[PDB]
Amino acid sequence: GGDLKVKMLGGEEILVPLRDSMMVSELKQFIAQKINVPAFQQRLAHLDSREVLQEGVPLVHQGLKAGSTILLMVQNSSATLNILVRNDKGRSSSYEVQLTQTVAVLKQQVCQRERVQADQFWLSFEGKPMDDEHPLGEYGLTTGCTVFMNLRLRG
């Protein structure tokens, strides 16, 4: 394998072991445990093609080997974004949030916008329920993603 080179902010280089045929999630987790930044707050890209580093593919046929670098971008201004959250009726409103804050904040926001209680609904994204205590970015959010609001339907 060797040692891959990551170039952060275009003004520093960090070395990382090159486990042949390994995923980008472990790369982001390595950098995360190395510089104490969350994985969802990292964006990795190529040098000169400016193309998106595909996820779920081993960076092998993607054309990567030791001695080649990759650019890294950190995002905690803290930045903001906005998602579409769908009511149980279907009227998905727009909520601007941040990946750093907890899901309880988003739940209270949905409460104040729907005038409904907190214990009576839960959020979901892409076939999995969202935990309250965990951060938002751990669920892979992006602008325009439709987070579902599901009522307890207790009657």
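Numbering starts at 1 and runs along the sequence shown.
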Notebook entry, point to check: Comparing 62 to 70 with 119 to 127, which stretch shows the greater average C-alpha B-factor in the deposited entry?
Noted result: 62 to 70
Check: Looking only at CA atoms, which has the higher mean B factor in the entry: 109 to 117 or 53 to 61?
Finding: 53 to 61
Next item on the list: Ordered by C-alpha B-factor within the chain, which third holds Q98? Give me lowest, middle or highest, please.
Entry: lowest
Note to self: Using the temperature factors of the C-alpha atoms in this entry, rank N36 within its chain: lowest, middle or highest third.
What the structure shows: middle
Next item on the list: Taking the values exactly as deposited, rank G140 by C-alpha B-factor within its chain and report the matching third: lowest, middle or highest.
Entry: middle
Check: Hey, what third does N82 fall into on Cα B-factor, ranked over its chain?
Finding: highest
Checklist line | Chain third (lowest, middle, highest) by recorded CA B-factor, residue given as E26 | finding: highest
